Amino acid sequence: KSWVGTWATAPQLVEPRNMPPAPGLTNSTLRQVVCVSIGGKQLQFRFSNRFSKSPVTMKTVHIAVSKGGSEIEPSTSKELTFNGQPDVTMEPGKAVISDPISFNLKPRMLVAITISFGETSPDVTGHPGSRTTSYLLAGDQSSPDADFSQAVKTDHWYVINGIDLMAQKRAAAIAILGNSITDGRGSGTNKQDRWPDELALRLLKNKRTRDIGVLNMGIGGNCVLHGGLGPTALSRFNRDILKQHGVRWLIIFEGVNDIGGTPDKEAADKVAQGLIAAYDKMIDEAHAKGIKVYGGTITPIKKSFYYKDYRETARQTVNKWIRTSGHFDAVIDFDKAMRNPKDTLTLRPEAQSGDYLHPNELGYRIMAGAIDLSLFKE
C-alpha cells in the first residue's frame, strides 16, 4: 500500500476581509468539517503554514465523525499526534503531516477536525471559499463532549490542507486545478456539492471507479498567469498538483479570470496565447510525472459582469485550442454542457446563480454529469 489523497483544499494567504471573527484563532478552538471522497482505514492529516510569516502552534488536534452542524459523534473522536506528541508548531512557510492514525473513514464521510491553537500568525494560511461553516470558541475546548452549539460561525477554512489514506495499487486520485467555478461559488453551504463533489459521487457509485479519489484544488478568484486571488495556477502547480499523493489524472479548468481582467483586445489576445502556453507547460510537467491531463473548456460569460466582445473572442480562441490542438489527453467540454442551447454564448438560465458566471447546484451536477468516467480507468 501507499498514500492516496482523499480530500484537499488549496491554501493561500487569507485576505483581511476573510480573517476569522472574534475571538480569533490564538488561544481558541476551531472545529472544521470536510467531506472525503474514497474511504480507508489508515490516514494522515496535512496542515499548512505556507503563507504565514510567523510560526503557528496547534496544542491539540482531534478528529471525529461530524453529525451535521457543529456536532460530532463523540465515541468516534481520536487525537492526532506529531512525532508522538499532541502539540506541534509549524515553521513560517512550512507544512506538517500528522503521524498515521487508524480511523474508520467511509466514502463521502463528513469529518470534523477540531484544533486548539496556541500562538498563531496574523497572516493566516487558509482557504476562504470553503463553502462550509467552521466553528470558533475562545479557550482550549478539545474534549469530545465540548458544546459548540453557541460557537462563532465562519464560512472559511484555515490551516487544514489534506487527508491521505493508505491504499492498494488500484487506488488513485484526480487532482483538479481551477477557480471559483471549481471551488464552488454558487454551491450550497454545508451541502458539499461543488462539481468535483458531484464527480466523486459518480465515481463511487460506478463499480469500476470506486477506488478513485478527488482532490479539489480550486481557488476562488484564481488566475493562471498573473494577478487574481491566491497564488497563480502556474505558481502553485508543483505544490497543489504534482506533490499530491497517488495522482494519476489532472483536470485543468481555469483562465476566465485572466480573460476577465483584460482592458482591451490587444491584452485579451495576449492572455489567450498566454493561457495556451501555460496549458502546454503544465501538460508537459504532469506528463513527465506520469499524470494524464484533461482540459476543461472555459464556460460562458455573456450577461456577466466580465462580458466584453473582445473577451469573448479570447475565450473562443482558448476553447478552440483546447478542443482541437490535441495537446490535452482528452477534453471535458464544460462549455458545451453549460451553455444555453438557445443562446450558446450564455449559461443555461436555470443552472446559474444570477450572475451569469457561476453555476448553481443544478449546474454543478450537470457539469459533473458531462464527464466520461472511462477517462479514469485503472
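Judging from the entry metadata, X-ray crystallography is the method by which this structure was determined, and 1.35 Å is the reported resolution.

Trainee: Now, about the environment of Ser 374: what can you tell me, with residues and values included?
Mentor: For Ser 374, the position within the fold is in the segment after α8 (361-369). Overall, the relative accessible area of 34% leaves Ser 374 in the partly exposed class. Considered as a pair, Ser 374 and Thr 209 are 165 residues apart in the sequence and their alpha carbons are 8.6 Å apart.

Trainee: Pulling in residues and values, what's your account of the pairing of strand β1 (residues 2-8)?
Mentor: Counted residue by residue, β1 has five buried out of seven residues, so it is predominantly covered. Pairing of β1 with strand β15 (residues 160-167) involves six bridges; the strand directions are antiparallel. Looking across to β15, one finds that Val 4 is bridged to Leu 165.

Trainee: Can you explain the sheet that holds strand β18 (residues 247-253)? Please cite residues and give values.
Mentor: Strand order in the open sheet formed by five strands is β17-β16-β18-β19-β20, with parallel pairing between adjacent strands. Where the open sheet ends on each side, the last strands, each with one partner, are β17 (212-218) and β20 (330-332). The mean angle between the axes of side-by-side strands here comes to 25°, regardless of whether they run parallel or antiparallel. Pairing geometry for strand β19 (residues 292-296) and β20, over three bridges, is parallel. When the bridges of β20 are listed, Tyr 294 appears paired with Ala 330. Each of β16 (172-178), β17 and β18 touches helix α2 (residues 195-205); the most contacted strand, β17, lies at about 175° to it.

Trainee: Quick one: what's the story with the nonpolar core, residue by residue and with numbers?
Mentor: By size, the foremost hydrophobic cluster in this structure holds 107 residues, and its most contacted members are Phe 47, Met 58, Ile 113, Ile 174, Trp 195, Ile 251 and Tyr 279. Look past the residues within four positions of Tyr 279 in its chain and what remains in contact with it is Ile 252, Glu 254, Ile 298, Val 318, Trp 321, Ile 322 and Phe 328.

Trainee: Any details on the sheet that holds strand β2 (residues 12-13)? Residues and values, ideally.
Mentor: Strand order in the open sheet formed by three strands is β2-β11-β14, and the pairing between neighbours is antiparallel. Two strands lie at the open edges of the sheet, namely β2 and β14 (157-158), each paired on one side alone.

Trainee: Please provide a residue-by-residue account of the UniProt feature "domain: SGNH hydrolase-type esterase" (unreviewed entry) in the chain, values included.
Mentor: Per the UniProt record, "domain: SGNH hydrolase-type esterase" (unreviewed entry) is annotated on residues 177-366. This span, residues 177-366, is 42% helix and 16% strand, and a straight line between its end C-alpha atoms measures 19 Å.

Trainee: Break down the pattern of salt bridges for me, citing the residues and quoting the values.
Mentor: For the structure on display, the rule yields 17 salt bridges. Across the pair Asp 240 and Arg 236 runs a salt bridge whose closest N-O atoms are separated by 2.8 Å. Placement of the pair is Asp 240 and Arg 236 together in helix α3 (residues 233-242), with a separation of four residues, close to one helical turn. The pair formed by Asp 240 and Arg 236 is uniform in burial state, with each residue classed as buried. The salt bridge partner of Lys 336 is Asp 333, with a shortest N-O separation of 3.4 Å. Relative accessible area serves as the criterion here: at 42%, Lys 336 is assigned to the partly exposed category. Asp 333 gets classed as buried once you look at its relative accessible area, which sits at 17%. Shared partners join several salt bridges into a network, and the residues in it are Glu 312, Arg 315, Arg 323, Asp 333, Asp 335, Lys 336 and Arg 339.

Each value, and the rule that gives it
- Residues numbered from 1 in each chain as written, not as in the entry; some residues may be left out.
- Heavy atoms only, no water.
- Helix = DSSP H or I, 4+ residues; strand = E, 2+ residues; numbered from the N terminus.
- Buried < 20%, exposed > 50% of the residue type's maximum accessible area, 1.4 Å probe, protein only.
- Pairing = 2+ DSSP bridges.
- Axes fitted to C-alpha atoms, helices over the stretch in contact; angles between N-to-C directions.
- Contact = heavy atoms within 4.5 Å.
- Core = buried A, V, L, I, M, F, W, Y, C linked by side-chain atoms within 4.5 Å.
- UniProt positions renumbered as here; feature names shortened; annotations may be inferred.
- Salt bridge = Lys/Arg side-chain N within 4 Å of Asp/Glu carboxyl O.

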